[PDB]
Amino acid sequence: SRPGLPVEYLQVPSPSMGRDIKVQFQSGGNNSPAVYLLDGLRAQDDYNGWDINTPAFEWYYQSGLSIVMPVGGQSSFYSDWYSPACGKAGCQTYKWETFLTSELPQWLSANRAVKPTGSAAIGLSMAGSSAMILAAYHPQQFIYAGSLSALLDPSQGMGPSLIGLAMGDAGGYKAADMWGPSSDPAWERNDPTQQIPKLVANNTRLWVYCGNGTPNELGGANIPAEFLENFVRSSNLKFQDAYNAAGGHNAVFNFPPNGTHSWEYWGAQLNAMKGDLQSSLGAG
């Protein structure tokens, strides 16, 4: 149903960020695997864009999988920032890696019986690289990573620069506060293409999607959505080449001759990945 599902709005304390993080949540059942649905660049502080734009909880009710949607973190790249995340409206502490890899799984396990290991992380936009990085450095916790329309080589060439422009545009943040100047090692640490050997070694299940910038009847036919998607697609095709070349063998590569940087396309992916998640995480 859309109304009528056991969807919760959790207030999860984050010691490292100094506030309570809101978390939209739907249990899978006790000891169910978790699917963390990470939000895009312009993540709002009230509801996660997955909830807003898709019937995600509805699609995943009774699938055997807990759906976890952290709320907030516009421009955070779900990372632990070097410095305070200061933007238009003010400053906040961004320690999202810490929260997603210790604070939240521990609270979800203690308070909701969500299995803390063997999870998937799925993100779109800024969060697609985040998902792969979560898995790269925390493979016990994240055994599956989905990346929808992300820039997968953010440390290379014009990427540090483009990322800074995006962050400016979404909230008025500064990339330097996050990962420092582009010379800082944090750039390569958080670049999924540079972390391929870790993904490969950990045999992480990858679901990698990117459209080609051509909308279809599904919609999303606006210039920004089209330009954005076409733009991030080269990093995606290179990732695929590098992954295979490094001996990668547990990924789905979805690069259709359509799709724009829009929720019509992303929602479709999340719907299409449900049986793959169930098999890979052990739902039922």
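In case it trips you up, residue 1 is the first one in the sequence shown, and so on.
210-218 or 144-152, whichever carries the higher mean Cα B-factor: 210-218 has the higher mean C-alpha B-factor.
Between 126-134 and 83-91 (mean CA B-factor, as deposited), the higher: Higher mean C-alpha B-factor: 83-91.
Among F231, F57, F253, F239 - the residue whose C-alpha B-factor is largest in the record: By C-alpha B-factor in the record, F231 ranks first.
Residue, from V71, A186, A121, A176, that the PDB entry assigns the highest Cα B-factor: That would be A176, according to the entry.
Chain third (lowest, middle, highest) by recorded CA B-factor, residue given as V12: Its C-alpha B-factor, which the entry lists for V12, ranks in the lowest third among residues of this chain.
For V114, the third of its chain into which the C-alpha B factor falls: Within its chain, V114 is a middle-third residue by C-alpha B-factor, going by the deposited values.
Record-listed C-alpha B factor of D191: chain third: Its C-alpha B-factor, which the entry lists for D191, ranks in the highest third among residues of this chain.
For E97, the third of its chain into which the C-alpha B factor falls: Lowest third - that is where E97 ends up once the chain's C-alpha B-factors are sorted.
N30 - Cα temperature factor, lowest/middle/highest third of chain: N30: CA B-factor falls in the middle third of its chain.
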